[PDB]
Structures are given as structure tokens and as C-alpha cells.
């Protein structure tokens, strides 16, 4: 992996220590030829939260365009999910977005849809 990335199971990961809005975080990863982390499995989920706890951390999952999509094209419906109970609930807001449309990993690792303008830590992921 490149300098200051973490190699794990054929992927390289970069963990921020500061926050961006979801789309700014995804744009940052794309400029690193990466994407916001796409969590493909329980094993990857455990790896991610070991490193991100206890901050809400953006991952590459969003329903901004009308349904749940992973930023790298991974099929959402059929694949690994780790939603917290009663999530996603699409909570309606105003100041940080009209509705919760971007996914964060909670301290317990479970996923929550949140407002896309929340300034959270993020993780980039690309293949080694």
C-alpha cells in the first residue's frame, strides 16, 4: 500500500482523524484513486470498527439518488449489511440535509443513516 495507508486483505485503507461532509469525504477518496470504504463482509466490518471506534465514521453507502447504492457499484440489496436496529429510518431534517441519506458506522459498528452534511471522520478504501 502507499505511505500512510493500512493494508488489510488485499485492500489499502486510509483513516481520517478529522471530519468532512459525506460528499466531500467521497470526493477526497476519489482524488486518492479510491472510494469511501465499501464494507463487503463481517470480517471487514470488524476490521473497520476496530480502528474507527468511538466516532461516527462515513462509509460509501448512500440513498441520495433514491435508493441504497455503494459508491463502487457493489450490489446493496443482496450483500452484507450491518444496520443498527430500526435503521435506516430516513430521518427528516433541514440544516444538515432534508433526510438522512448517508451511512456512518457507529461506535458499536452498527450502521446508521445520517444527514449528509454531518462532518464525520471517514475511511478511504482501494485495492492494493
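Numbering follows the first chain given and starts at 1.
- Across the two stretches, 107-115 and 5-13, the PDB entry reports the greater mean Cα temperature factor for 5-13.
- When the C-alpha B-factors of 93-101 and 59-67 are averaged, 93-101 comes out higher.
- Of the candidates 76, 28, 47, 83, it is 28 whose Cα B-factor is highest according to the PDB record.
- Per-chain ranking of the deposited C-alpha B factor places residue 128 in the highest third.
- Among all modelled residues in this chain, the alpha-carbon of residue 87 has a temperature factor (C-alpha) in the middle third.
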